[PDB]
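Structural features, examined
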Number of protein chains: 2
Amino acid sequence: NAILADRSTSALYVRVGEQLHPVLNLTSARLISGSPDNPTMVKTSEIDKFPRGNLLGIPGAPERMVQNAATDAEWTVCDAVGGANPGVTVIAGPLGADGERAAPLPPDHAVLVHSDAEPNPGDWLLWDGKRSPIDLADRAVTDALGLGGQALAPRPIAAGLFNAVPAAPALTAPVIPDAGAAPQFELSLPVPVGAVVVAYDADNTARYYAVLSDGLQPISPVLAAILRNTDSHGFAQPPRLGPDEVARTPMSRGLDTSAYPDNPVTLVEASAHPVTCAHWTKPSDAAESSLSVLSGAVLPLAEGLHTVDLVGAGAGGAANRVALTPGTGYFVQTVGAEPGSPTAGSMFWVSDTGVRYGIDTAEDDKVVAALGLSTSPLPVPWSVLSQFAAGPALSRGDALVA
Amino acid sequence: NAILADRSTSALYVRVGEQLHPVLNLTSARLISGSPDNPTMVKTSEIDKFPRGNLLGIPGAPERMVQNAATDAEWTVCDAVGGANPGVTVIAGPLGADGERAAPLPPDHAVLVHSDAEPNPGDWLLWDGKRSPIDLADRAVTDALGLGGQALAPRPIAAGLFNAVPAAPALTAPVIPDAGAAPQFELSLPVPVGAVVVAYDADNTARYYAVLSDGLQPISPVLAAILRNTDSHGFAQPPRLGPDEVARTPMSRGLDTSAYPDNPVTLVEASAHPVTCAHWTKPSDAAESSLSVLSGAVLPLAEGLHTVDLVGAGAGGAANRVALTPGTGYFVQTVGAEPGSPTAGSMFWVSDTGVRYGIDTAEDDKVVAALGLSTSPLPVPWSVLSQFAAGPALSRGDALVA
C-alpha cells in the first residue's frame, strides 16, 4: 500500500495504525510516511470501507521537491535603482542563482554609497573586492584617492546588499608610531620616517615606496598621496634614489596592507549604470568561496529569466523580485557571520516563490529522503538567504495538527 | 486528453494544438484547460510519442480550490497585543471568518485608544457602534462623558483594526447658532437655548431634555453634562416641568443627533482585557451589513482553530496571524470605501495561508468554472482583505509564461 488520493477530488489520506487520516499537502504526506511516494488515485468507494481519523497536516506549503543538478554555487544578489538623482530612486532588490548575462566590474570602476539611513552608522565605498567606510567630508583625501572633481552623489542601498559583501578596514592613513622620526635602518639625510620615497625603477620613470623603522614599503601612488595629504613632513617632493641603493638598503616591510588601491578610480554613474550587483560564488571542489562585484545598466540576470522575475512580499527582509526555475534545496551554513538565530551546518529548502524551510540534526536523513533531495545540497551564505520568505517548520512532529 | 501527471514524477502537461506543454501547478493547468479536472496518471512512455513545447505556467501558487458551504458572512478582524500591555508586543491581528468563542461588548464597556500609536493624528474611542475622534486633553469633558477618575492610559493600535471599523462623526459639543439666545417657541422666563430641563418622568424622579429654537430634544444625561460644561449660561441647575407642560408647551421635536452615548462608560483595561475585536457580519439574506465590537482577554476565535492557527508578520497590510480550515474564495466588495485600486464586485480567492487572488470581469465565468468554485461566494469588505496580500494574478492569458 502506498499513500492515496481520491479518483475524483484528490483528497489526501493514509492509514496508519488501523485507521485512515487526512492531511493537507503531499510534501507533508511524504513527510508523514517517511518515503518519497506519490498519492495514487483510488476512489473513495474504497475509503469508506476503512475507518477514518481526524484532520492532520503541517499547513502552508510546499508541493514539489525538484532540484537542478548544477553543483556550482552561483549566487547573484543584486540591487536595481532607477530614476537617478532625485532623492529616492525606484527599486528592485533582485536575486538569481545561476549563470547570467554579463555586466561585471571593470577594475578601474568602484562606487560610493550612502549607508542605509542612520543610525546604521557610516558612509561606505564599494571597492574592487570589499566595502570599506569612508568619511567623504575630506574632499582632498578622496579625490587624492582619485575621484573626479565633484562627481559625488551617493546612493541609498538595500540592507541585504550592504550585508552581502564583507567589510574592509577604513579609509584614512594608518596611525604610525612616531612618524617623521628616525627609522632603525637609517638612510641618507633628508628622509623622515612614515614619508614617501620615489625611485626611478621603470626604464622611463619611477615607482613609489614608503619608509617604516625596518625598511621599505612597496606602495601605490594612491597611498603616497594619502600620506602626503596626511603629512608633507615639511617637504615638497620625495627624492629619487638608486636601485643599487635599493638593493643596498634594508628591504623589509612592516606590513601596512594596501586595501587602498593602486589606481585612480573610475566613478560609476547611476544614470549611466544603475544596477549594482554582488556575485557570491563557491564552485564545486572549492575550499573557500570567492566574491565579485558586477555593475551595469542592463539587468544582468539570465536570458529568459526576465519573463519570470517573480516578486515576493513582506519588507523586513525581502521586498523583492526573484527569478529561477522551479525550486531547490541548499546546504546552509547557519554557522556563519550571525545567521539570524540558527547556528549549524543545516539544510534550508527554498521555493520558486522563495520561502525558506529547513532541517535540524534531530531531523534525520529520512526527512530529505522522503523529500528525495540530493545528499549534497549547495553551500550558501546567510546574507543572500535573508532575502527570502520564512514559512513554518518541517518535522513529522509538527504535521500532527487538529 | 486531460491534465497529465507522470506516474513517477507527476510532471504536468496538457496537450493543446498538436503538442505538449510543461506547466507549473495544477490550478494553472485547470486555468489552461478551462475545466475543473484532475491530473491523469500515465507514464512518460506515452508522452515521448508526442512532441513537446517549452515551460509555461503561472508562478507561485495555489494547490486546490475548496470552499466551506457556510454562506453566512461572518468576519472577525481582531487586535491582540500578545504579551499583554507593554508599548511593543507580539502583534496578532487575528482573522477568523466563522462563529467564535464568547467575547461580548457590554453597553457600558467602551474602550479608549490613541491613534496608530502617536504621532498619528488625534486620539480615538471605540464605542458601541464605531470609532470616534476625541482630543483627551479636556479632562472635564471626557470625565463628564463618564470616565473613571484618571483611568486613562490609552492604547496603541494597529492600523488594520483602525481602518476596520468605520468612523462615526466627531466628539465635541456641537456648534449651535446663537446658543443662549431666544427660541422661536418661547418657554417660561429663565431658559436660554442650549439648556436642559428635567421632569419626574421616572415616577420617582427626573429625566433630561435639551432645547432648540423650535422645541425639545430627548437627550442623555451625558449630553446634558456636555452642554452644561459647554455653557452653564450662568445657571447652576436645570429646572423642573411636568408632562402637562411637556405637551402643553410645544413638544416641537427638533433634531441634533445623539451619536453621543446614554450612559457612563466602563473603561476597559488592556491588562485585564487585551484583545479587542471587530465582528463584521453580513448574513445570508441581508441588505446592509451589521458590525459589532468584541472584547476580552481570551483569544476569542473558535475552539480548535488555534492549533491550526497560522502566524503572521510582514508589514504592508497584515503583520497579523490567521486561522481557518483549507481555503476559500469570496465575492469581495471592491465596491467599497476606497478598496485600494479595484472597483467592482470582484472575486478574490484566498488560501489557508491567506494570499489574495483577484478575478476581473474579462476573467469570465470560465475562470471560476475551471476553479470549480460556487456561483455565490461571499460578500467581503475591503478592510479585512487588506490584511491579506497578492501573489500572482490569475488568468489563462497571463499563464503563457516562459
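The record lists cryo-EM as the method behind this PDB entry and 4.6 Å as its resolution.

The number of helices and strands found in chain A is eight helices and 24 strands. For 402 residues, the compact-globule formula gives about 21 Å, and the C-alpha radius of gyration of chain A, at 29 Å, lies well above that figure. Seen through its C-alpha atoms, chain A measures out along the principal axes to roughly 105 × 45 × 40 Å. Counting only residues that meet the buried cut, chain A has 42% of its 402 residues in that class. Within the structure as shown, chain A displays about 20,800 Å² of accessible surface, and the carbon and sulfur contribution to it stands at 58%. Across chain A, the 22 positively charged side chains and the 41 negatively charged ones have centroids separated by 9 Å.

What follows is about the relation of the copies chain B and chain A. Superposing chain B onto chain A takes a rotation of 180° combined with a translation of 0.1 Å along the rotation axis, leaving an RMSD of 1.0 Å. These values place the two chain copies in the arrangement generated by a two-fold rotation axis. Within chain B, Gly314(B) has its C-alpha nearest the rotation axis, a separation of 2.8 Å. Same-surface contact between copies: 95% of interface residues of chain B are shared with the interface of chain A.

Residue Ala61(A) is joined to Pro62(A) through a cis peptide bond whose omega torsion reads -10°. Within the secondary structure, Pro62(A) is located in the loop between α2 (44-47) and β5 (73-82). With an omega dihedral of 25°, the bond running from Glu118(B) to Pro119(B) counts as a cis peptide bond. If you trace the backbone, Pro119(B) turns up in the loop between β6 (109-114) and β7 (123-126). Positive phi is not limited to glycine here, since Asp285(B) has a value of about 55°. Among the secondary structure elements, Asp285(B) is positioned in the loop between β13 (275-282) and β14 (290-296).

Time to look at the sheet that holds strand β12 (residues 266-267) of chain B. An order of β8-β7-β6-β12 (chain B) is seen for the four strands of this open sheet, with the pairing classed as mixed. Lying at the two open borders of the sheet, with one neighbouring strand each, are β8 (131-133) and β12 of chain B.

Let us look at the state of the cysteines. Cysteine pairs can be linked by a disulfide, which is a covalent bond between their two sulfur atoms. Residue and element names in this part refer to chain A. Applying the stated criterion across every chain, the model contains two disulfides over all chains. Two residues, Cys78 and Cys277, share a disulfide whose sulfurs are 2.0 Å apart. Disulfide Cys78-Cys277: the torsion about the S-S bond is -130°, which places it as left-handed. With a gap of 199 residues between them, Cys78 in strand β5 and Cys277 in strand β16 (residues 275-282) connect regions that are remote in the sequence. Assessed through its relative accessible area of 4%, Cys78 is described here as buried. Among the residues examined, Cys277 registers a relative accessible area of 4% and is labelled buried.

All names here are of chain B. Its location among the elements puts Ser220 in the loop between β11 (216-218) and α5 (221-230). A distance of 2.9 Å separates a polar side-chain atom of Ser220 from the backbone nitrogen of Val222. When sequence neighbours within four positions are dropped, the list of residues in contact with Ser220 reads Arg207, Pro261 and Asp262.

This next bit is on the interface of chain B and chain A. In this complex, chain B contributes 21 residues to the contact, which on the side of chain A involves 21 residues. The junction of chain B with chain A conceals about 1,600 Å² of combined surface from both sides, 55% of it contributed by carbon and sulfur atoms. Run the count over chain B and chain A and you get zero salt bridges. In this assembly, chain B and chain A are joined by five residue pairs in polar contact.

What follows concerns the nonpolar core. The biggest cluster of nonpolar side chains holds 27 residues, and the ones touching the most others in it are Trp75(B), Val77(B) and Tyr330(B). The next biggest cluster of nonpolar side chains, apart from the first, holds 23 residues, and it includes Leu161(A), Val332(A), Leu378(A) and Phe388(A).

What follows deals with the sheet that holds β11(B). Residue and element names in this part refer to chain B. On the basis of which strands lie adjacent, the open sheet formed by three strands has the order β9-β10-β11 and antiparallel pairing. Strand pairing shows two members of the sheet lacking a second neighbour, β9 (196-198) and β11, which therefore form its edges. The mean angle between the axes of side-by-side strands here comes to 35°, regardless of whether they run parallel or antiparallel.

All right, on to the pattern of salt bridges then. In a structure, side chains of opposite charge can pair up when their charged atoms sit close to one another. Evaluated as defined, the whole model comprises 11 salt bridges over all chains. In this structure, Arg15(A) and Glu18(A) form a salt bridge, with 2.7 Å as the shortest nitrogen-oxygen distance. Relative accessible area serves as the criterion here: at 44%, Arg15(A) is assigned to the partly exposed category. Of the charged contacts in the structure, one is a salt bridge between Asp364(B) and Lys366(B), with a shortest N-O distance of 4.0 Å. Salt bridges sharing partners connect three or more residues here, namely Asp364(A), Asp365(A) and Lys366(A).

This next bit is on the packing of aromatic side chains. This model, assessed by the stated rule, comprises four aromatic pairs over all chains. Against the face of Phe162(A) rests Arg131(A), its NZ or CZ located 4.2 Å from the ring centre. If you follow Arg207(B) out to its NZ or CZ, it ends over the ring of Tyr209(B), 5.7 Å from the centre.

Attention shifts here to the pairing of strand β3 (residues 73-82) of chain B. Residues and elements named next belong to chain B. Within β3, eight of the 10 residues are buried, leaving the element largely enclosed by the surrounding structure. Pairing of β3 with β13 involves seven bridges; the strand directions are antiparallel. Note that in β13 the partner of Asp79 across the bridge is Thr276. In this sheet, strand β5 (residues 95-96) lies alongside β3 in antiparallel orientation, the contact comprising two bridges. Looking at the pairing, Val77 lines up with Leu95 of β5. For β3 and strand β4 (residues 90-92), the ladder comprises three bridges, and the chain directions are antiparallel. Opposite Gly82, over in β4, you have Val90 as the bridge partner.

What counts and what doesn't
Residues numbered from 1 in each chain as written, not as in the entry; some residues may be left out. Chains lettered and ligands numbered in written order. Heavy atoms only, no water. Helix = DSSP H or I, 4+ residues; strand = E, 2+ residues; numbered from the N terminus. Rg over C-alpha atoms; globule rule 2.2 N^0.38 Å. Buried < 20%, exposed > 50% of the residue type's maximum accessible area, 1.4 Å probe, protein only. Areas by Shrake-Rupley, 256 points an atom, 1.4 Å probe, with all protein chains shown as cover. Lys, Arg positive; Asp, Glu negative; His and termini not counted. Charge placed at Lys NZ, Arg CZ, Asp CG, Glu CD. Least-squares fit on C-alpha atoms. Contact = heavy atoms within 4.5 Å. Pairing = 2+ DSSP bridges. Disulfide = S-S within 2.5 Å. Polar contact = N/O pair within 3.5 Å; in protein donor to acceptor, adjacent residues only side chain to side chain. Buried area = accessible area lost by both parts, 1.4 Å probe. Salt bridge = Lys/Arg side-chain N within 4 Å of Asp/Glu carboxyl O. Core = buried A, V, L, I, M, F, W, Y, C linked by side-chain atoms within 4.5 Å. Axes fitted to C-alpha atoms, helices over the stretch in contact; angles between N-to-C directions. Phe/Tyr/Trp six-rings, centres within 6.5 Å; stacked < 30°, edge-to-face > 60°. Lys NZ or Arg CZ within 6 Å of the ring centre and 35° of its normal.

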